[PDB]
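Take a look at the structure below.
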Amino acid sequence: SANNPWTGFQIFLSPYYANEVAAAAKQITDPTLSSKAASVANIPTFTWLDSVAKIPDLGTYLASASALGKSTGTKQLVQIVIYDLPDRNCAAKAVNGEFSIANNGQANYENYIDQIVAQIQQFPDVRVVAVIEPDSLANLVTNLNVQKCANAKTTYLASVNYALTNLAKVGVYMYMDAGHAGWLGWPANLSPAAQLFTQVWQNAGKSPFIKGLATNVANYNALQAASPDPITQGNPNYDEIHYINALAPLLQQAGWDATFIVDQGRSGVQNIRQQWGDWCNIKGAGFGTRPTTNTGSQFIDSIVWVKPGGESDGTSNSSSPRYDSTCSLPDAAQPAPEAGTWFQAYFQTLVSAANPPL
């Protein structure tokens with residue numbers, strides 16, 4: 001499109017990831033690998049607002065970005081993930097997230113959005129790009145037979161609508177999470193996906209700030225694969241570019257000339273999964289293509305690093321109340337710590353296996 005949110009902007013670099021990476025890098029013993037690892041702190045990532053407790057951090061990042069732009073003669077851009085739906089991750093095994101549908105979850109989520117909006121409103125010289133609720137809408141396409149998802153459907157739709165409607169009022173550029181090629185990119189899932197995303201876009205007023213969709217978030221697919229990963233057999237859309245090329249025209253026909261961003265933060269190594277649906281701490285992953293607006297596709301505004309490589313997808317300890325058995329599969333790196341916490345051995349391999357090399 002004409003207006004790529006990133007062009008002309010300096011991305012604010014997460015200080016939390018920089019510190020996590022800094023603490024991680026001094027533990028890497030090989031000096032050549034250590035300096036490569038430290039440099040990852042200079043690669044822009046998304047900050048996940050996975051709880052209300054993260055909202056004050058957003059406030060500090062906006063204020064720091066505002067000052068840094070003035071100090072360097074630049075316009076700054078802060079990258080966030082909205083990730084706190086009630087009954088979050090409905091198809092996952094075991095309960096995740098601080099809000100539940102049964103305990104005023106919708107209302108609590110609205111208050112979470114209101115607190116985010118109230119921060120963003122204070123810093124109008126900073127641009128914000130938000131990924132909206134990974135692992136949410138996509139479940140309403142393919143997983144309505146999952147009872148937790150069926151029971152969450154109206155809440156997910158209302159809560160995502162509230163986020164889109166109210167973040168638009170403070171000019172946030174938004175990409176709704178849309179799964180990945182092996183989820184919604186199956187040809188038979190494309191029209192159901194397009195219908196759902198367009199209804200969501202309509203309910204939120206078709207705001208021009210709703211730019212489009214984010215794909216491959218926290219996943220491992222290629223953007224453009226050299227040859228299809230064996231996990232993809234049966235799906236002609238074997239990488240993200242095929243998925244996006246197929247879905248984008250369906251959205252255009254609805255009057256939404258949608259654009260896309262694609263996570264490549266853990267895509268450096270292909271052909272590492274036994275089944276396409278295996279998502280947790282996949283062993284041997286490497287950092288992939290660094291964020292760039294040089295995407296190779298009319299439909300893609302940016303390659304991004306949404307999931308911060310090195311933070312665990314979930315614990316492998318079956319005694320944890322948060323345990324998801326996907327995290328103990330043969331292709332999952334084990335032992336792994338709780339979701340969101342630092343997984344040092346996994347980070348070191350992401351660095352060693354980076355492609356392109358760091």
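Every chain in the structure tokens has a letter given in the order shown (A, B, ...), and although residue numbers restart at 1 in each chain, ligands are simply numbered from 1 in the order shown.
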
Which residues come within 8 Å of range 188-193 of chain A, counting only C-alpha atoms, excluding same-chain residues fewer than 3 positions away, as a PyMOL selection string? chain A and resi 138+141-142+183-185+196-197+246-247+250

Taking 5 positions as the minimum chain separation for residues in the same chain, which residues sit within 10 Å of residue 281 in chain A when counting only C-alpha atoms? Answer as a short mmCIF file (atom, residue, chain, number, x, y, z; two decimals) with N, CA and C atoms, in the first residue's frame.
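The file below, part09.cif, is the result:
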data_model
loop_
_atom_site.label_atom_id
_atom_site.label_comp_id
_atom_site.auth_asym_id
_atom_site.auth_seq_id
_atom_site.Cartn_x
_atom_site.Cartn_y
_atom_site.Cartn_z
N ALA A 218 5.24 -16.47 16.25
CA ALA A 218 5.71 -17.53 17.15
C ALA A 218 5.85 -18.87 16.46
N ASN A 219 5.87 -18.88 15.13
CA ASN A 219 6.01 -20.11 14.39
C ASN A 219 7.34 -20.12 13.63
N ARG A 266 12.18 -17.09 14.11
CA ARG A 266 12.65 -18.45 14.36
C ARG A 266 12.53 -19.30 13.10
N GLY A 309 12.88 -14.67 20.08
CA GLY A 309 13.62 -15.92 20.16
C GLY A 309 14.49 -15.99 21.39
N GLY A 310 14.37 -17.09 22.14
CA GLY A 310 15.02 -17.25 23.42
C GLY A 310 14.05 -17.31 24.58
N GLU A 311 12.86 -16.73 24.43
CA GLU A 311 11.81 -16.88 25.43
C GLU A 311 11.02 -18.15 25.15
N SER A 312 10.82 -18.97 26.18
CA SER A 312 10.19 -20.27 26.01
C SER A 312 8.74 -20.12 25.55
N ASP A 313 8.28 -21.11 24.78
CA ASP A 313 6.87 -21.24 24.41
C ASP A 313 6.05 -21.95 25.47
N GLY A 314 6.69 -22.55 26.47
CA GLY A 314 5.99 -23.33 27.47
C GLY A 314 6.89 -24.34 28.14
N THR A 315 6.53 -24.72 29.36
CA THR A 315 7.35 -25.65 30.12
C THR A 315 7.17 -27.07 29.59
N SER A 316 8.22 -27.88 29.73
CA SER A 316 8.13 -29.30 29.46
C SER A 316 7.82 -30.12 30.71
N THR A 326 2.22 -30.55 24.12
CA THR A 326 2.96 -30.23 22.90
C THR A 326 4.42 -29.93 23.22
N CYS A 327 4.69 -29.42 24.41
CA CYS A 327 6.03 -29.01 24.82
C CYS A 327 6.91 -30.17 25.26
N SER A 328 6.40 -31.40 25.24
CA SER A 328 7.19 -32.59 25.51
C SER A 328 7.35 -33.49 24.29
N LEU A 329 6.84 -33.07 23.12
CA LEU A 329 6.94 -33.87 21.92
C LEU A 329 8.39 -34.12 21.54
N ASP A 331 10.11 -33.40 19.00
CA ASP A 331 10.79 -32.29 18.36
C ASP A 331 10.81 -31.02 19.21
N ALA A 332 10.38 -31.09 20.47
CA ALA A 332 10.41 -29.97 21.39
C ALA A 332 11.67 -30.04 22.25
N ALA A 333 12.40 -28.93 22.34
CA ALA A 333 13.60 -28.88 23.16
C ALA A 333 13.24 -29.00 24.63
N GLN A 334 13.91 -29.92 25.33
CA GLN A 334 13.62 -30.24 26.72
C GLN A 334 14.91 -30.44 27.49
N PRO A 335 14.93 -30.11 28.80
CA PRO A 335 13.83 -29.49 29.55
C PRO A 335 13.67 -28.01 29.20
N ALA A 336 12.43 -27.53 29.21
CA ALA A 336 12.14 -26.15 28.85
C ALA A 336 11.43 -25.45 30.00
N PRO A 337 11.70 -24.16 30.23
CA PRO A 337 11.07 -23.45 31.34
C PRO A 337 9.71 -22.88 30.97
N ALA A 339 6.44 -20.67 29.92
CA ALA A 339 6.20 -19.79 28.79
C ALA A 339 6.60 -18.35 29.12
N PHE A 343 15.11 -19.09 28.03
CA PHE A 343 15.52 -20.47 27.75
C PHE A 343 16.90 -20.38 27.12
N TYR A 346 18.23 -22.73 24.31
CA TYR A 346 17.50 -22.49 23.07
C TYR A 346 18.01 -21.24 22.36
#

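Residue nearest residue 206 in chain A within the list A:1, A:166, A:179, A:255: A:255 [criterion: smallest interatomic distance, only C-alpha atoms].
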
Within 10 Å of residue 271 in chain A, counting only C-alpha atoms, which residues show up once you throw out same-chain ones fewer than 4 positions away? Write them as a tab-separated table (two decimals) with N, CA and C atoms, in the first residue's frame, please.
chain	number	residue	atom	x	y	z
A	220	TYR	N	7.47	-21.03	12.67
A	220	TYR	CA	8.76	-21.42	12.13
A	220	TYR	C	8.72	-21.59	10.63
A	221	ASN	N	7.62	-21.24	9.97
A	221	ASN	CA	7.50	-21.48	8.54
A	221	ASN	C	8.44	-20.57	7.77
A	222	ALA	N	8.83	-21.03	6.58
A	222	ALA	CA	9.54	-20.16	5.66
A	222	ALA	C	8.58	-19.10	5.11
A	227	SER	N	12.28	-25.48	-1.08
A	227	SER	CA	11.44	-26.61	-1.48
A	227	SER	C	10.52	-26.92	-0.31
A	228	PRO	N	9.38	-27.56	-0.56
A	228	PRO	CA	8.40	-27.69	0.52
A	228	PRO	C	8.92	-28.55	1.66
A	229	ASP	N	8.67	-28.09	2.88
A	229	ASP	CA	8.96	-28.90	4.06
A	229	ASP	C	8.04	-30.13	4.04
A	230	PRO	N	8.56	-31.34	4.31
A	230	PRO	CA	7.70	-32.53	4.28
A	230	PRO	C	6.45	-32.42	5.13
A	231	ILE	N	6.47	-31.59	6.18
A	231	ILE	CA	5.28	-31.45	7.01
A	231	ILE	C	4.09	-30.89	6.26
A	232	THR	N	4.32	-30.29	5.09
A	232	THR	CA	3.29	-29.56	4.37
A	232	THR	C	2.53	-30.40	3.36
A	276	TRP	N	3.30	-30.54	11.20
A	276	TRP	CA	3.20	-29.10	11.03
A	276	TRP	C	2.64	-28.41	12.26
A	284	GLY	N	16.39	-27.04	17.34
A	284	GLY	CA	17.20	-26.72	16.19
A	284	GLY	C	16.78	-25.47	15.45
A	285	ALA	N	15.79	-24.73	15.93
A	285	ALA	CA	15.40	-23.50	15.26
A	285	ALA	C	16.56	-22.51	15.27

Using Å and a single decimal, report how far CA of residue 80 in chain A sits from CA of residue 64 in chain A. 14.7 Å

Enumerate the residues of range 64-118 of chain A with a DSSP assignment of helix (DSSP H, G or I), computed from the backbone, and present them as a ChimeraX atom specification. /A:64-72,105-118

For residue 4 in chain A, find every residue with an atom within 9 Å (counting only C-alpha atoms), except residues of its own chain fewer than 4 positions away, and show them as a ChimeraX atom specification. /A:293,301-302

Generate a file of the selected residues that holds C-alpha atoms, formatted as a PDB file, in the first residue's frame.
ATOM      1  CA  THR A 293      10.462  -3.753   4.598  1.00  0.00           C
ATOM      2  CA  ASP A 301       4.761  -4.449   4.604  1.00  0.00           C
ATOM      3  CA  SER A 302       7.500  -6.014   6.724  1.00  0.00           C
TER       4      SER A 302
END

So that I can check the secondary structure, give me every residue of range 140-219 of chain A assigned strand (DSSP E) by backbone DSSP, as a PyMOL selection string. chain A and resi 173-177+210-215

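Once residue 100 in chain A and its same-chain neighbours fewer than 4 positions away are set aside, residues 84, 85, 86, 87, 88, 95, 96, 104, 105, 106, 108, 109, 152 and 155 of chain A remain within 10 Å of it when counting only C-alpha atoms.
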
Residue neighbourhood residue 205 in chain A, 8 Å, only C-alpha atoms, exclusion window fewer than 3 positions, as a VMD selection string: chain A and resid 165 201 to 202

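Using only C-alpha atoms, the smallest distance between any of A:99, A:287, A:238, A:342 and residue 357 in chain A comes from A:287.
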
CA of residue 128 in chain A and CA of residue 78 in chain A, how far apart in Å? 4.9 Å

Please identify all polymer residues within 9 Å of residue 119 in chain A, counting only C-alpha atoms, omitting same-chain residues fewer than 5 positions from it, and present them as a ChimeraX atom specification. /A:55-56,58-59,62,114

Selected residues written out, N, CA and C atoms, as a short mmCIF file (atom, residue, chain, number, x, y, z; two decimals), in the first residue's frame:
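Written output follows (selection.cif):
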data_model
loop_
_atom_site.label_atom_id
_atom_site.label_comp_id
_atom_site.auth_asym_id
_atom_site.auth_seq_id
_atom_site.Cartn_x
_atom_site.Cartn_y
_atom_site.Cartn_z
N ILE A 55 1.59 -3.32 31.32
CA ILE A 55 1.18 -2.02 30.78
C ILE A 55 2.09 -0.88 31.23
N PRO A 56 2.53 -0.80 32.49
CA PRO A 56 3.48 0.26 32.84
C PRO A 56 4.76 0.20 32.02
N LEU A 58 4.90 -0.63 28.82
CA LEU A 58 4.54 0.08 27.60
C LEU A 58 4.71 1.57 27.79
N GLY A 59 4.20 2.10 28.91
CA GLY A 59 4.33 3.52 29.17
C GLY A 59 5.78 3.97 29.16
N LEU A 62 7.13 3.99 25.48
CA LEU A 62 6.66 5.13 24.71
C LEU A 62 7.41 6.40 25.09
N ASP A 114 -8.28 -0.31 27.81
CA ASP A 114 -8.40 1.10 28.18
C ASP A 114 -7.10 1.61 28.78
#
